[PDB]
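Asker: Have a look at this one.
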Amino acid sequence: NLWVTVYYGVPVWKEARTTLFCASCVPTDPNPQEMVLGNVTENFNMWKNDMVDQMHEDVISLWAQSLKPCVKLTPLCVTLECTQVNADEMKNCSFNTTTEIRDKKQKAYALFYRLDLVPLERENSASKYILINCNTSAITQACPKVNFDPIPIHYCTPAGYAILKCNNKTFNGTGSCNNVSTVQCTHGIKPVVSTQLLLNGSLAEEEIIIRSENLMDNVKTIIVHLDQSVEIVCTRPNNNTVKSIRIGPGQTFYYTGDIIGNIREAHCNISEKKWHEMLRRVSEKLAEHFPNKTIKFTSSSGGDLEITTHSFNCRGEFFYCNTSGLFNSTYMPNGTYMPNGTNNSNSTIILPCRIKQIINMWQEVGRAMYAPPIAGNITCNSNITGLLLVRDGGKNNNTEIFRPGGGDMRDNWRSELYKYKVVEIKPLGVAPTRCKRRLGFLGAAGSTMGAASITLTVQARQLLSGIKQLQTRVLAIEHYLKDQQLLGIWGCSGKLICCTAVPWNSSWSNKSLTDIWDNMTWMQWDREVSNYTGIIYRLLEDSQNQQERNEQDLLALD
Amino acid sequence: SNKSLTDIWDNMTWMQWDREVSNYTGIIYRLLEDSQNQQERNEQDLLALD
Amino acid sequence: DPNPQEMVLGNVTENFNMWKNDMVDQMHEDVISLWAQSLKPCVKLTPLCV
Amino acid sequence: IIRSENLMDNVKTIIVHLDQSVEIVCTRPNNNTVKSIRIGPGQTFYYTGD
Amino acid sequence: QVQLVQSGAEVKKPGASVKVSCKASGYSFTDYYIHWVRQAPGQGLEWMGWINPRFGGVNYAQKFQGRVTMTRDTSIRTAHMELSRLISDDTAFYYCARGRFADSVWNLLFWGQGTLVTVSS
Amino acid sequence: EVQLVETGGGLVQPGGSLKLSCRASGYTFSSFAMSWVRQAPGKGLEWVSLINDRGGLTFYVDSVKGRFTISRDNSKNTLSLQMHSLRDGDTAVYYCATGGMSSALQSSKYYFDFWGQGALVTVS
Amino acid sequence: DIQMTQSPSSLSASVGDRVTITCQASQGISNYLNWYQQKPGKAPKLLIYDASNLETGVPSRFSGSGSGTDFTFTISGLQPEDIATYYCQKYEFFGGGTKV
Ligand SMILES: *[C@@H]1O[C@H](CO)[C@@H](O[C@@H]2O[C@H](CO)[C@@H](O[C@@H]3O[C@H](CO)[C@@H](O)[C@H](O)[C@@H]3O)[C@H](O)[C@H]2NC(C)=O)[C@H](O)[C@H]1NC(C)=O
Ligand SMILES: *[C@@H]1O[C@H](CO)[C@@H](O[C@@H]2O[C@H](CO)[C@@H](O)[C@H](O)[C@H]2NC(C)=O)[C@H](O)[C@H]1NC(C)=O
Ligand SMILES: *[C@@H]1O[C@H](CO)[C@@H](O[C@@H]2O[C@H](CO)[C@@H](O)[C@H](O)[C@H]2NC(C)=O)[C@H](O)[C@H]1NC(C)=O
Ligand SMILES: *[C@@H]1O[C@H](CO)[C@@H](O)[C@H](O)[C@H]1NC(C)=O
Ligand SMILES: *[C@@H]1O[C@H](CO)[C@@H](O)[C@H](O)[C@H]1NC(C)=O
Ligand SMILES: *[C@@H]1O[C@H](CO)[C@@H](O)[C@H](O)[C@H]1NC(C)=O
Ligand SMILES: *[C@@H]1O[C@H](CO)[C@@H](O)[C@H](O)[C@H]1NC(C)=O
Ligand SMILES: *[C@@H]1O[C@H](CO)[C@@H](O)[C@H](O)[C@H]1NC(C)=O
Ligand SMILES: *[C@@H]1O[C@H](CO)[C@@H](O)[C@H](O)[C@H]1NC(C)=O
Ligand SMILES: *[C@@H]1O[C@H](CO)[C@@H](O)[C@H](O)[C@H]1NC(C)=O
Ligand SMILES: *[C@@H]1O[C@H](CO)[C@@H](O)[C@H](O)[C@H]1NC(C)=O
Ligand SMILES: *[C@@H]1O[C@H](CO)[C@@H](O)[C@H](O)[C@H]1NC(C)=O
Ligand SMILES: *[C@@H]1O[C@H](CO)[C@@H](O)[C@H](O)[C@H]1NC(C)=O
């Protein structure tokens with residue numbers, strides 16, 4: 001009494017991973033054209049998203065594609081004769097390098113930071129030093145045209161896929177999300193690189209949202225997504241005079257020649273009241289996950305400068321703040337915050353950022369970078385929009401010690417690509433009907449199976465049918481053609497709603513028509529009839545083969 | 001277009017016709033897909049009658 | 001192939017603009033790319049800048 | 001199975017495809033001590049020392 | 001073959017510091033966490049801490065904080081642990097261990113040889 | 001309690017035209033395939049025409065093909081039947097009925113579930 | 001603090017008897033428990049990576065299952081080669097060990 005009817009263009013999707021393409025790389029369109037999916041609830045998992053791995057690869061590839069046509073400082077991996085800067089933090093280094101003409105030499109003097117030098121002999125009169133890691137790999141000088149101001153990147157879908165945003169204002173990142181929306185592109189995501197503190201991010205809509213893969217171990221990074229930003233202003237007060245020498249045929253090396261005025265240390269200012277209010281609210285939100293525990297914030301217990309300090313790019317200069325006056329607090333279950341009196345204060349927390357020039361890029365090891373100096377001084381403002389915390393494991397007397405963390409740059413991108421999931425549309429499906437043979441994309445995803453069988457020409461047209469994109473264009477074409485070939489083999493070519501001669505077997509589903517078309521959505525139906533598609537498809541092609549042979553026999557009768 | 005059949009098929013080329021009916025293809029294509037959706041639903045209703 | 005297989009279009013008049021053709025930009029790119037792909041596997045006279 | 005493109009000239013290689021393998025065991029009996037030096041920024045040259 | 005080779009047994013007096021090393025061979029050093037586990041002679045296994053050799057991150061247990069320093073030398077693929085202010089209760093077999101996968105690092109499939117540290121007068 | 005009220009009918013002379021209309025209330029209108037059924041005085045019931053729930057498909061008894069048009073308006077919740085020529089054999093009470101067909105995504109409704117009160121059509 | 005409670009502390013068995021060892025976590029909400037066979041003089045060996053999944057290089061005689069705060073490890077017949085101290089572990093927390 002019920003027969004298999006093949007539908008094409010149903011609002012059904014499966015989880016999948018594709019090579020989404022940036023679009024600052026291709027001009028973006030007026031709006032993302034967001035279609036809110038009513039009555040749709042999807043399972044997100046921020047800690048298993050692929051959009052993060054793709055963004056990581058894109059960033060470690062754009063960065064390494066801007067330093068390729070730039071001067072490599074091979075001629076400067078020479079013995080330096082360095083004295084104290086009394087005309088330590090900085091040294092006045094003299095060296096003999098190679099000049100533009102490949103037969104002469106050149107004597108130069110530059111001021112380098114002590115963190116950029118490694119002694120060749122007992123450190124004290126001049127002492128011998130070389131540039132850090134220059135004898136282990138090549139140091140590439142950044143071209144003056146390299147843009148150190150993060151540019152928002154929009155990730156847009158290839159044909160055949162959709163980005164499912166999550167609009168629950170209090171979502172942490174993992175688990176079921178309702179009020180799911182479909183978008184074509186993401187918002188503008190800045191590739192901001194910062195350790196311990198997330199800078200220039202998006203704020204939480206409602207409150208501080210503690211998120212972690214598992215708040216029970218001491219390995220997973222805890223991301224604190226703030227609702228109100230704390231403003232940080234960082235400066236390098238020294239008035240630097242930049243000099244340059246040529247080290248080859250068109251290869252210009254830039255360095256600090258002298259400093260005008262006195263020598264002052266770089267620093268960052270965070271208002272005490274705003275910081276300690278932020279840490280109070282984060283300590284009360286972390287008390288909701290670790291009940292009856294004492295919550296303490298302390299400085300990092302170890303590691304390299306890139307993770308024990310707050311590392312950030314300020315107008316190209318790479319600062320490294322101590323951040324040990326910030327993370328010094330105790331919050332107990334009684335609700336009193338130990339370092340009190342910081343709610344009526346006018347003080348400032350001065351963090352002594354150090355400056356480094358030979359920056360060990362990412363952790364590639366075999367590739368460093370030289371950040372050229374900028375004449376004059378530098379001041380940068382930024383918004384602190386989140387924290388990266390690591391919890392201390394082991395036995396304890398009911399006290400948690402959340403110490404800053406970072407270094408892994410995926411956890412800096414898992415705090416803006418948290419709401420986005422990539423899915424692949426499955427426009428081809430089957431359902432029982434009484435039929436015998438003889439708006440926007442996914443807009444009806446949450447509608448019943450009888451109201452989504454009218455919006456088929458809208459999810460069908462939006463299938464839109466170097467290497468990273470071209471392979472996904474070819475893949476989308478292959479998937480489209482495989483679906484068309486399936487329809488053709490079944491005798492359904494050229495139709496979106498196709499009635500067949502295959503009877504419905506009650507073992508596939510025993511629901512009545514008023515329990516399917518009127519009460520269920522296409523996603524629930526796909527989740528029901530999924531183990532049986534390898535039987536239905538075979539029956540459909542066998543029935544079409546029988547119909548084709550019967551048709552040629554009838555057409556040869558006369 | 002208000003031209004008669006003998007003014008279109010017999011007198012005009014396809015380029016002139018494209019230059020004439022070009023602002024209206026976003027209406028004609030929508031009408032064509034709506035008519036096909038109606039025909040497909042009517043066909044499944046006729047094929048379920050019996 | 002043997003011949004360009006030219007089909008003369010009768011009664012067809014088209015608007016050309018030699019100064020906005022793209023075939024020229026493509027030919028320019030091709031020439032500045034073939035030339036710069038034949039000197040890549042060739043001796044660079046760095047030791048003679050003395 | 002003797003196979004060749006043409007077993008009549010003296011240019012084509014004759015491939016003899018055997019049915020039972022003959023075992024060959026090859027050795028370098030010298031006990032070498034390998035030393036290395038660095039010849040650049042991360043470029044290590046390996047050589048026999050003694 | 002994945003191997004972890006640790007230094008041999010050592011004898012220290014109370015108050016001294018001991019440095020233990022765990023040469024790592026067979027895999028990419030800068031992609032996996034190394035866990036240092038202290039086995040008391042008959043009182044079980046204490047976790048004590050983990051080191052992340054990519055950026056050198058550490059997470060010392062809340063008991064052994066202030067006394068257990070961990071470092072790493074990637075040029076020779078060797079991890080180092082330092083335990084200061086030794087007491088007679090610190091006598092144990094110190095084990096170096098790694099997880100089978102970087103994604104799940106608690107499945108300590110690969111272990112080195114134990115380093116015996118004796119603390120006595 | 002659904003209510004079908006047929007507002008129309010009267011007297012015509014052989015060769016004339018007459019329109020009937022039927023308003024529905026108490027249930028969802030655009031989900032039922034409506035029909036018309038004629039009862040001549042002293043005789044039984046005869047089916048005249050059927051229209052689908054969407055209005056796109058119409059079916060007629062052979063005796064009225066080419067003369068009767070059945071139409072529905074799902075925004076006004078109205079059904080109408082417009083008759084031409086009106087022969088003497090068409091004199092009858094015309095009942096508005098709900099049923100006779102389904103949309104292929106619902107169970108078979110091959111029966112006339114809800115009827116109206118009946119319009120009287122006289123030909124003389 | 002996630003205290004591991006492991007029992008029995010000492011299990012007396014001969015060759016071929018079925019051995020059952022239990023481990024009671026204080027907090028669970030995740031099937032992440034590991035079982036380590038430690039032979040005297042050797043570093044422990046992992047047998048049950050994850051709560052139930054088995055480790056390569058370990059014969060099928062070893063098994064276990066459980067969820068939440070209650071896990072069970074069994075041996076389908078003790079062999080002479082199976083004399084060892086068995087420990088349960090959840091994240092950094094180790095149990096007291098069962099001598100088999
Ligand atoms: C977080 O965002 C803020 C604001 O977007 C960033 O600070 C801004 O950085 C840009 C680029 O360094 C500064 O513009 C520059 O100004 C100088 C002097 O006027 C000019 O020579 C450069 O060409 C460029 O226009 C901008 O002034 C600065 N804004 C403020 C308010 O200080 C900040 O760097 C971002 N933080 C991180 C960590 O990326
Ligand atoms: C860094 O050292 C160089 C010398 O290595 C200094 O340059 C000399 O400065 C004195 C100042 O009286 C001049 O008389 C010399 O002629 C300079 N020599 C050269 C080669 O230029 C330089 O001033 C020092 N700079 C700082 C900032 O300490
Ligand atoms: C690169 O150069 C630095 C500085 O010479 C080397 O560091 C020294 O290496 C020797 C090796 O015998 C040690 O004894 C010194 O104590 C090291 N000095 C410092 C200040 O750390 C470094 O080893 C060289 N790199 C390589 C790969 O050999
Ligand atoms: C540069 O070369 C001269 C050659 O006499 C040498 O004396 C001098 O020390 C060299 N400079 C440095 C900074 O090593
Ligand atoms: C977001 O998810 C939480 C999960 O508990 C739920 O309680 C809340 O109602 C959701 N919010 C919205 C606006 O749907
Ligand atoms: C995140 O929210 C989900 C909602 O289902 C919940 O199950 C999970 O435990 C939460 N995790 C954290 C770390 O807050
Ligand atoms: C769902 O998200 C949309 C995004 O525009 C928002 O307008 C709407 O209020 C949200 N609904 C709920 C119930 O949170
Ligand atoms: C930070 O505060 C100190 C207070 O003495 C002030 O001197 C300094 O200029 C401030 N720095 C910035 C960047 O605002
Ligand atoms: C920050 O300053 C304190 C001052 O006591 C020092 O002990 C600490 O090591 C410094 N931290 C870093 C990361 O340099
Ligand atoms: C640095 O000093 C020079 C010379 O005195 C002056 O022209 C310049 O404005 C100063 N720059 C800053 C940022 O103080
Ligand atoms: C920080 O956020 C506030 C929010 O109002 C904004 O006005 C300000 O410009 C932001 N500052 C920076 C440096 O981006
Ligand atoms: C969502 O469910 C509500 C339930 O009352 C319904 O009214 C609404 O039409 C549904 N929306 C969609 C888009 O299916
Ligand atoms: C080959 O045979 C000779 C016979 O003298 C023997 O000494 C030598 O070890 C053999 N070599 C191998 C590789 O078996």
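By convention in this document, the chains of the structure tokens carry letters A, B, ... by their order, each chain's residues are numbered from 1, and ligands are numbered from 1 in the order they are shown.
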For stretch 24-40 of chain D, list every protein, DNA or RNA residue within 12 Å, evaluated using only C-alpha atoms, and leave out those in the same chain fewer than 4 positions away; present the list as a PyMOL selection string.
Answerer: (chain A and resi 74-75+77-78+134-138) or (chain D and resi 44-50)
Asker: Which polymer residues have any atom within 10 Å of an atom of stretch 163-172 of chain A, counting only C-alpha atoms, with same-chain residues fewer than 5 positions away left out, as a PyMOL selection string?
Answerer: chain A and resi 20+34-37+41-46+155-157+177-186+204-213+223-225+417-424
Asker: Just give me the gap between atom CA of residue A:86 and atom 6 (C, counted along the ligand's line) of ligand 4 in Å, one decimal is fine.
Answerer: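 Spanning atom CA of residue A:86 to atom 6 (C, counted along the ligand's line) of ligand 4 is a straight-line distance of 22.6 Å.
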Asker: Report, in Å to a single decimal, how far apart atom CA of residue E:30 and atom CA of residue E:53 are.
Answerer: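 Value for the atom CA of residue E:53-atom CA of residue E:30 distance: 5.3 Å.
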Asker: Out of stretch 2-115 of chain F, which residues get strand (DSSP E or B) from DSSP, as a count of residues only?
Answerer: 55
Asker: Quick one: residues within 7 Å of stretch 111-121 of chain E, only C-alpha atoms counted, chain neighbours fewer than 3 positions away excluded, as a PyMOL selection string?
Answerer: (chain E and resi 3-14+86-88+90-98) or (chain G and resi 43)
Asker: Quick one: residues within 10 Å of residue E:25, only C-alpha atoms, excluding same-chain residues fewer than 2 positions away - as a ChimeraX atom specification?
Answerer: /E:1-5,22-23,27-29,76-78
Asker: One decimal, in Å: what's the spacing between atom CA of residue E:56 and atom CA of residue A:268?
Answerer: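 So the answer is 25.1 Å.
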Asker: Using only C-alpha atoms, determine which residues of chain G fall within 7 Å of chain A; present them as a ChimeraX atom specification.
Answerer: /G:1,91-92
Asker: Give the residue list for ligand 2 at 10 Å, counting only C-alpha atoms and all ligand atoms, as a tab-separated table (two decimals) with N, CA, C and O atoms, in the first residue's frame, sorted by chain and then by residue number.
Answerer:
```tsv
chain	number	residue	atom	x	y	z
A	81	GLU	N	81.53	41.43	18.40
A	81	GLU	CA	82.30	41.96	19.52
A	81	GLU	C	81.41	42.97	20.23
A	81	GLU	O	81.29	44.12	19.79
A	82	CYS	N	80.80	42.55	21.33
A	82	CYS	CA	79.73	43.29	21.98
A	82	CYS	C	80.18	43.84	23.32
A	82	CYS	O	80.77	43.11	24.13
A	83	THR	N	79.90	45.11	23.55
A	83	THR	CA	80.17	45.80	24.80
A	83	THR	C	78.85	46.27	25.40
A	83	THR	O	77.79	46.17	24.77
A	84	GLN	N	78.91	46.77	26.63
A	84	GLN	CA	77.71	47.27	27.28
A	84	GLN	C	77.30	48.61	26.69
A	84	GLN	O	78.14	49.38	26.20
A	85	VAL	N	76.00	48.88	26.72
A	85	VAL	CA	75.46	50.13	26.15
A	85	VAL	C	75.54	51.18	27.25
A	85	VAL	O	74.59	51.43	28.00
A	86	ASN	N	76.71	51.81	27.35
A	86	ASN	CA	76.99	52.83	28.36
A	86	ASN	C	77.43	54.14	27.71
A	86	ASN	O	78.18	54.92	28.30
A	87	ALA	N	76.96	54.40	26.49
A	87	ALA	CA	77.30	55.63	25.78
A	87	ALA	C	76.43	56.79	26.26
A	87	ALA	O	76.24	57.77	25.55
A	90	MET	N	70.70	45.35	26.66
A	90	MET	CA	71.16	45.58	25.30
A	90	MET	C	72.68	45.61	25.28
A	90	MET	O	73.32	45.96	26.27
A	91	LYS	N	73.24	45.22	24.14
A	91	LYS	CA	74.68	45.25	23.92
A	91	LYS	C	74.98	45.96	22.61
A	91	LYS	O	74.21	45.87	21.65
A	92	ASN	N	76.11	46.67	22.58
A	92	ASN	CA	76.58	47.39	21.40
A	92	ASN	C	77.57	46.47	20.69
A	92	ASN	O	78.73	46.36	21.09
A	93	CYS	N	77.12	45.84	19.60
A	93	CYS	CA	77.87	44.80	18.91
A	93	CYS	C	78.47	45.30	17.61
A	93	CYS	O	77.75	45.80	16.74
A	94	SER	N	79.78	45.12	17.47
A	94	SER	CA	80.52	45.41	16.24
A	94	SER	C	80.76	44.12	15.48
A	94	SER	O	81.00	43.07	16.09
A	95	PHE	N	80.70	44.18	14.15
A	95	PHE	CA	80.95	43.00	13.34
A	95	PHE	C	81.47	43.38	11.96
A	95	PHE	O	81.32	44.52	11.51
A	107	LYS	N	82.49	47.03	8.05
A	107	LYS	CA	82.43	47.07	9.51
A	107	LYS	C	81.19	47.86	9.91
A	107	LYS	O	80.95	48.96	9.40
A	108	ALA	N	80.41	47.30	10.83
A	108	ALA	CA	79.17	47.90	11.28
A	108	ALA	C	79.06	47.75	12.79
A	108	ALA	O	79.76	46.94	13.40
A	109	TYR	N	78.17	48.54	13.38
A	109	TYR	CA	77.87	48.45	14.80
A	109	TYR	C	76.36	48.55	14.95
A	109	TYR	O	75.74	49.46	14.39
A	110	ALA	N	75.77	47.61	15.68
A	110	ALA	CA	74.34	47.60	15.95
A	110	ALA	C	74.09	47.34	17.42
A	110	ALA	O	74.93	46.75	18.11
A	111	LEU	N	72.93	47.78	17.90
A	111	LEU	CA	72.49	47.51	19.26
A	111	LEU	C	71.48	46.37	19.24
A	111	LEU	O	70.41	46.49	18.63
A	126	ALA	N	85.03	43.93	25.36
A	126	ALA	CA	84.06	43.24	24.53
A	126	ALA	C	84.13	41.73	24.76
A	126	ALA	O	85.19	41.18	25.06
A	241	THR	N	66.80	55.28	16.99
A	241	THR	CA	67.26	55.76	15.69
A	241	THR	C	67.68	54.53	14.90
A	241	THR	O	68.59	53.80	15.31
A	256	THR	N	68.97	48.84	14.95
A	256	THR	CA	68.98	50.02	15.80
A	256	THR	C	70.39	50.57	15.83
A	256	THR	O	71.34	49.87	16.20
A	257	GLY	N	70.54	51.84	15.46
A	257	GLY	CA	71.84	52.48	15.43
A	257	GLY	C	72.19	53.05	16.78
A	257	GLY	O	73.26	52.79	17.33
A	258	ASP	N	71.28	53.86	17.31
A	258	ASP	CA	71.46	54.51	18.60
A	258	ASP	C	70.09	54.72	19.22
A	258	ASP	O	69.06	54.44	18.60
A	259	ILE	N	70.08	55.22	20.45
A	259	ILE	CA	68.86	55.55	21.17
A	259	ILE	C	69.02	56.97	21.69
A	259	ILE	O	70.02	57.30	22.33
A	260	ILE	N	68.03	57.80	21.41
A	260	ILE	CA	68.04	59.21	21.80
A	260	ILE	C	67.35	59.33	23.15
A	260	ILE	O	66.26	58.79	23.36
```
Asker: Let me have all residues with an atom within 9 Å of ligand 1, counting only C-alpha atoms and all ligand atoms, laid out as a PyMOL selection string.
Answerer: chain A and resi 147-150+190-194+198-201+233-234+311-316+378-383
Asker: Give the answer as one residue: which of E:109, E:36, E:89, E:81 has the shortest atom-to-atom distance to chain G, using only C-alpha atoms?
Answerer: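 Nearest candidate to chain G out of E:109, E:36, E:89, E:81: E:109.
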